[PDB]
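Below is one structure, written out as structure tokens; the observations come after it.
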Number of protein chains: 2
Amino acid sequence: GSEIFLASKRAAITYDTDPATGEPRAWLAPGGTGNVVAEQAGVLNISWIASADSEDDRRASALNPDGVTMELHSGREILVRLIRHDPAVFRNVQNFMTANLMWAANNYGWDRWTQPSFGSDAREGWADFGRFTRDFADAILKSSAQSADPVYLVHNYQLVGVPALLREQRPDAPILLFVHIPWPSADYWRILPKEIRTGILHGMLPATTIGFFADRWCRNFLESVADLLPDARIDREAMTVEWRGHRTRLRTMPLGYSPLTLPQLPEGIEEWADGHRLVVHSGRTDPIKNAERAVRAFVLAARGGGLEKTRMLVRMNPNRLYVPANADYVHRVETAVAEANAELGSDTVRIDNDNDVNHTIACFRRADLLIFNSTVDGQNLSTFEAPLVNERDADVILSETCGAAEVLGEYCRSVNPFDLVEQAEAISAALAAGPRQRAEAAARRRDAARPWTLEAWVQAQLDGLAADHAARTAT
Amino acid sequence: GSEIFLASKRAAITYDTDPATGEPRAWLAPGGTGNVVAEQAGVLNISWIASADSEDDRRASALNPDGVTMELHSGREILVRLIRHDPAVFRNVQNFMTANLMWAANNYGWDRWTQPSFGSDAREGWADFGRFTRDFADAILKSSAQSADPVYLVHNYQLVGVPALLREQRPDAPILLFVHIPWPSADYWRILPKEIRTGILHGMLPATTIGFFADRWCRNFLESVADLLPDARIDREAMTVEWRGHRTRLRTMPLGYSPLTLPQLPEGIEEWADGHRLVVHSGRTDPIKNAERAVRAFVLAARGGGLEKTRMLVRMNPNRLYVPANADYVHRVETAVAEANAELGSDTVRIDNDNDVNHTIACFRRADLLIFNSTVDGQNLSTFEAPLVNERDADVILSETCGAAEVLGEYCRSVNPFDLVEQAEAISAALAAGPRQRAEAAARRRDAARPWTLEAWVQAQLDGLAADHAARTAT
Ligand SMILES: Nc1nc2c(ncn2[C@@H]2O[C@H](COP(=O)(O)OP(=O)(O)O)[C@@H](O)[C@H]2O)c(=O)[nH]1
Ligand SMILES: Nc1nc2c(ncn2[C@@H]2O[C@H](COP(=O)(O)OP(=O)(O)O)[C@@H](O)[C@H]2O)c(=O)[nH]1
């Protein structure tokens, strides 16, 4: 029976009051990673350590300092411990991860000619990240003080410094670090200031296993290590790092969707889309989602004819609008949608900006063509969800730089996300395709997407960690 | 006796009139590559094929379509053949090579989030590049039609398509291709439209040898091949590619300086610099030269004290001012220099913009600190010339992303060109260093730079090509 200690940037908890008694309730959101880990076979118990990121979170942590036991179905339970970081440190590290710095570092945001220019702001953000990293390590370790053989699962890029600190106190523990975002090319990674580009590698490599969604990110990580750490010896075939006694295995662990996640359309959208084939692009208000280039490509396609009764919905998820790169991205999309309507006709392209996840699934079902043309994406789960719920045999245009292209690229229209001509031709070809060809393609697409569930991904992590821990013990 | 056929974008020829007779003269500029190749031992004769890029070049070409024999010293000669391309095709290919496209592709200019967006303009530029590529191949082959065992030396990025066309007609010939600019990471190279990113590789790989200035570019090239061509088999150790029968060797061939290049200062500059230590940043009007970040770093250093009697000259070489990225780069430097003077005092930082190699060498000699902090640079020969002529024991700040850092990085202050804090600290430390420490460092620096001459680089090319041709013949 494994004793699991899961660390992640957030533990999705819903806070409200009971509709009958009014007593305050806090219970876990279904479909989380912790809820799935607790269901696995070799799991005796599980603790979930995450950050307090709301005012409710701060009360819950202060009022239950060592963690609260939350009941799942089937009589399972998790000890959820929320860390109350320093407010000033937390807010700076949160800015440290946005496109103001670290997001642009791992999601290919800088042109090098004009950006970035690291000042004292980067040195202070890095110092605050260290304090934030120790906050997690001490909490994880204190939560696992009484465990004989704790198993550590460290998720999200915010925790890349945690493995070294865990290994410092627990030399023999299995430590998995999983990064949900891409790893950039060695030349791109070393844009970062020296203390950050090397210090981040020093924090991850003591892990037993480092997991990414895609082979490409594992490859770039290995090249970044070989480039920056001369005493490190990499093996691209075996996917391993040898560094100061640490043996580290790099693993690709693709994720697709959670069945528990898979309603009506947003207000006005159904009537607006009536009588028209509906092109749908969906994604967060993040520059990587590439909705501006999608809109331009839809215009280049419409100039080629055949799109007279076709409209485009740019479904958008508001997130971190306070980041200049995100707001600018919305502004650039709004411009392109304005110019698209100014040439093709009023109400040809529409933007819908909201958090209703049911509205997005409703858009997935209605779509006649799905565009997921990210400039880069750690994986992009929407490109798995959308074909699985779409009952219209919609084609899928998928960027080759999405992590999901390694799994689904053969079953989609794979495109260079920077080439408007190629993307316009894919839009035109996808809509010219007949009903029978689209139906057979969508069946092959759904079959390729179905196996990549949350549970299989968690099983991949545990089995993978178990095997590399056995290996690291022998070597 | 080898029969050499050198191809390059330009053959530097000076046209004017005799000061006594007035008859028009056309003779080769000393120190060119062709003049040095003709001087080697195993060279019986040599033909130099290049583009006509002036009106004098066009009249010279029209009047000698098969080439004009130009006399060198010691009774040697080269057949210089200038190609008269189609003006509309030529002008489009020149734009194809500028930062409007291909320069940004190999010199890391795009942020991916907002640039680039390839339209029909890229498809047409590529078609014109093909026509331009055939112009060179037929000219090279027609110049080598009567040669029994021709040796082909193809220089400059404009000719990356030439090796395949030569190999098409001369299956057994030694073909060297040398690229003077960096090769980007595989993830970055594949920004380009599919027909370009693969078609450029298809044109390069039939070469017997592909040469770069730095190990990093050879590595990135190999990774680009392995990523884009599944039938290609690379060997990172042996530095080779196996593709459709072609055996291709990748070689690093560093170049430093030409002794023939190594006077009066620019007007006003000597008096302006009198009584002050002079920081000197020199480079073309190209965004990669990074003069904007150098000026900001000089300001961060000056805020730390110790620079009260120090001034900095941003020496600039106008080149392709018609390119938006170059003009914007000049504008951004002017802004930074304006704000530097508005904070530290009038006439602290000065820009000197003109094309005069003698003025730049004079600035090299006067400098007390040299900054060559390129965002990226294929090699950067200025970082070799400047310490070799500087008689003031000036320190050298050298960007780690310059190809020259592979040779001189250990002997300079190597910096991350994007970190203003690190670069400011290097400026401060370089100016705080005492006379004796700087003198021993400059002596070691000159000793490391001295062997990398033009002649040694040409010998590297011929010896390297000879060895790879013997290997390719056996296999
Ligand atoms: N909360 C919320 N989630 C959404 C919305 N639209 C889509 N989603 C979900 O967010 C996820 C998108 O993740 P992914 O495509 O990997 O891109 P990410 O933003 O980088 O995680 C999918 O599971 C969607 O079902 C929305 O409006 N609100
Ligand atoms: N024609 C001309 N050449 C210059 C000037 N200033 C410097 N140079 C030379 O141009 C060369 C610079 O090359 P390099 O540093 O490799 O950068 P590149 O411009 O990208 O090739 C050096 O040989 C300098 O001596 C100038 O004002 N005019």
Side-chain angles (χ1 to χ4, degrees), chain A residues 99 104 107-123 182-197 216 219-220 223 226-227 236 286-288 290 292-293 296-297 300 325 328-329 332 375-376 400-401 414-424, chain B residues 99 104 107-123 182-197 216 219-220 223 226-227 236 286-288 290 292-293 296-297 300 325 328-329 332 375-376 400-401 414-424:
Chain A
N107 287 272
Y108 284 140
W110 293 318
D111 62 358
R112 274 174 272 212
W113 284 0
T114 74
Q115 296 233 263
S117 296
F118 300 106
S120 63
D121 277 346
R123 305 262 148 120
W183 198 272
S185 305
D187 287 13
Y188 193 86
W189 176 248
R190 79 144 69 204
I191 286 162
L192 287 168
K194 283 162 169 170
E195 75 180 1
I196 301 169
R197 66 188 189 196
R216 186 168 297 266
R219 286 201 304 279
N220 306 345
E223 310 284 355
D227 182 38
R236 320 192 163 64
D286 194 316
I288 75 180
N290 213 22
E292 201 268 3
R293 283 195 191 90
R296 299 301 180 172
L300 296 184
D328 172 63
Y329 170 68
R332 292 182 293 109
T375 63
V376 68
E400 67 183 21
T401 63
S414 181
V415 299
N416 173 338
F418 312 110
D419 183 348
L420 305 182
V421 177
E422 188 193 359
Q423 286 174 89
Chain B
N107 289 268
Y108 286 143
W110 291 319
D111 60 10
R112 275 174 272 210
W113 285 1
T114 75
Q115 270 276 132
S117 297
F118 301 106
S120 63
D121 276 334
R123 298 305 164 90
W183 198 270
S185 309
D187 282 10
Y188 190 89
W189 174 249
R190 78 143 70 207
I191 288 160
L192 286 173
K194 283 162 168 170
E195 66 169 1
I196 300 171
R197 66 188 189 198
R216 186 169 298 267
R219 285 202 304 280
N220 296 352
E223 300 297 342
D227 184 37
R236 298 172 182 83
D286 189 320
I288 74 178
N290 212 23
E292 202 280 343
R293 284 193 190 90
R296 302 300 182 170
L300 299 176
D328 172 63
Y329 171 69
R332 293 182 293 119
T375 59
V376 70
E400 68 185 22
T401 61
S414 180
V415 298
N416 175 340
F418 312 109
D419 197 337
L420 304 183
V421 177
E422 190 193 1
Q423 288 174 89

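For the numbers below, each heavy atom of this structure counts, side chains included, while hydrogens, waters and symmetry mates do not. Just so it is clear: chains get the letters A, B, ... in the order the sequence lines come, proteins before strands, and each one is counted from 1.
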Among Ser185(B), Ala424(B), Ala186(B), single out the residue with the greatest number of heavy-atom pairs under 4.5 Å to chain A.
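Maximum pair count with chain A is reached by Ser185(B).
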Closest-packed option against chain A by number of heavy-atom pairs under 4.5 Å, given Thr375(B), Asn220(B), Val376(B), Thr114(B)
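Answer, by heavy-atom pair count under 4.5 Å with chain A: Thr114(B).
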Side chain, backbone, both or neither: which part of [X] has a non-hydrogen atom closer than 4.5 Å to chain A?
{"X": "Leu192(B)", "answer": "backbone"}
{"X": "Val415(B)", "answer": "backbone"}
{"X": "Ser117(B)", "answer": "both"}
{"X": "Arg293(B)", "answer": "side chain"}

Quick test of your reading: applying salt bridge (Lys or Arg N to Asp or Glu O under 4.0 Å), list the pairs with at least one residue in residues 187-196 of chain A, sequence neighbours left out, ordered by first then second residue.
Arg123(A)-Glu195(A), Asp187(A)-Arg216(B), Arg190(A)-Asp227(A), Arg190(A)-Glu400(B), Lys194(A)-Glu422(B)
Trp183(B): partners by ring-ring contact (aromatic ring centres under 6.0 Å, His included), with sequence neighbours left out
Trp189(B), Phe221(B)
If you round to the nearest 0.5 Å, how far is CD1 of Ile288(A) from CH2 of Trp113(B)?
8.0 Å
Return the option, out of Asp328(A), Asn107(A), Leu300(A), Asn290(A), with the maximum number of heavy-atom pairs under 4.5 Å with chain B.
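Ranked by contacts with chain B, first place is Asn107(A).
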What residue in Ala104(A), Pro287(A), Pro193(A), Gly109(A) has the most heavy-atom pairs under 4.5 Å with chain B?
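So the answer, after comparing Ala104(A), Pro287(A), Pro193(A), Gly109(A), is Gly109(A).
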Would you indicate whether the side-chain heavy atoms of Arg197(A) and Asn416(B) approach each other to under 4.5 Å?
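Counting from C-beta outward, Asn416(B) and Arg197(A) do come under 4.5 Å.
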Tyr188(A) ring center near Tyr108(A) ring center (under 6.0 Å)
yes
Would you call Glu223(B) and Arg219(B) a salt bridge, using N to O less than 4.0 angstrom?
no
